[PDB]
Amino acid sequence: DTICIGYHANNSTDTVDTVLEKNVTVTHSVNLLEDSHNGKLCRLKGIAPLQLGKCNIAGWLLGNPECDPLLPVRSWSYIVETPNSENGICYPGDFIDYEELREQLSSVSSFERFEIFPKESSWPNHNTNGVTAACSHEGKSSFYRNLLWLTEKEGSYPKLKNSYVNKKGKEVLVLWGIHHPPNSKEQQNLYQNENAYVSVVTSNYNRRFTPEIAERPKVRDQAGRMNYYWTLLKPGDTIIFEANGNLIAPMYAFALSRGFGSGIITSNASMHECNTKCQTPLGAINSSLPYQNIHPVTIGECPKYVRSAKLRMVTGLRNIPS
């Protein structure tokens, strides 16, 4: 009569690595590395993202005519920019503090696009139908949907002066532009003033702009330049616009709501009827694993990104079924 002490074996072919030995076949093991995604853009915590389509952030905020207009009010969980965002700024120039504006948008969860200076009621003594071929729409010359190109009316450009009081209870993002003609002949033709200036003031913003006239290399067939500026108008505060020329005036502004967990990503993936807790530019992750090797850019509650190809922890024994 005999009794023997022994241990379990099975047909498992899982392998793990140790400090002393690689490629150890074990009876049971647990994978800790998430490598699977669904390849789709999904709602995050039940909230759909904001897709800008052919527009980048600059094109959407300025109102590039070649992008499908969005609904007046949108709410989102993250922002998607398509990799080949050909529609952005259409009239050449510099977007001052543009990267800072993107960082502000990354913590925004909603916008309301509203008319801050009505087109047919705010500029009675000025011309408001200025368009350019650099911002074409359907082959025709056009302009930004959210801005107004003011020019002289009846051979006169009176000193304009308009203000807005923020009664929305939320931050209002105001965008405007300054045009710099390539020669003094055009400056007199458009604005009738050579010593022109623009003044924009709030309780915490105070800047003055002056045209700088010079001939420049053509960009999108424009020797002129248009510099774009922005500021966040606090609840209850007033913004005052003062100019005798060169002002690309605001028409529409955005009332912004602040949220958490949002951001801006670049992806060519398509939106789908799905929900996830973790979104990457390549796809969504449905996993409770501590690590993932899919993408370093994540939205939501996600596994930690690592460079590893395999993270398998042994739970069972060394497998010796011989």
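Heads up: residue numbers just count along the shown sequence, starting at 1.
Enquirer: Per the entry, where is the mean C-alpha temperature factor higher: 221-229 or 189-197?
Expert: Stretch with the greater average CA B-factor: 189-197.
Enquirer: Is the mean CA B factor in the deposited entry higher across 155-163 or across 93-101?
Expert: Per the deposited B-factors, the answer is 155-163.
Enquirer: Per the entry's values, where does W149 land by CA temperature factor relative to the rest of its chain, in the lowest, middle or highest third?
Expert: Middle third - that is where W149 ends up once the chain's C-alpha B-factors are sorted.
Enquirer: Please rank the C-alpha B-factors of the chain's modelled residues and tell me whether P49 sits in the lowest, middle or highest third.
Expert: Tercile = lowest for this residue's CA B-factor.
Enquirer: Taking the entry's C-alpha B-factors for this chain, is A133 in the lowest, middle or highest third?
Expert: Highest third, going by the recorded CA B-factors of the chain.
Enquirer: Taking only the Cα B-factors deposited for this chain, tell me whether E21 sits in the lowest, middle or highest third.
Expert: For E21, the deposited C-alpha B-factor lands in the middle third.
Enquirer: What third of its chain's C-alpha B-factors does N275 belong to: lowest, middle or highest?
Expert: Lowest third of the chain for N275's C-alpha B-factor.
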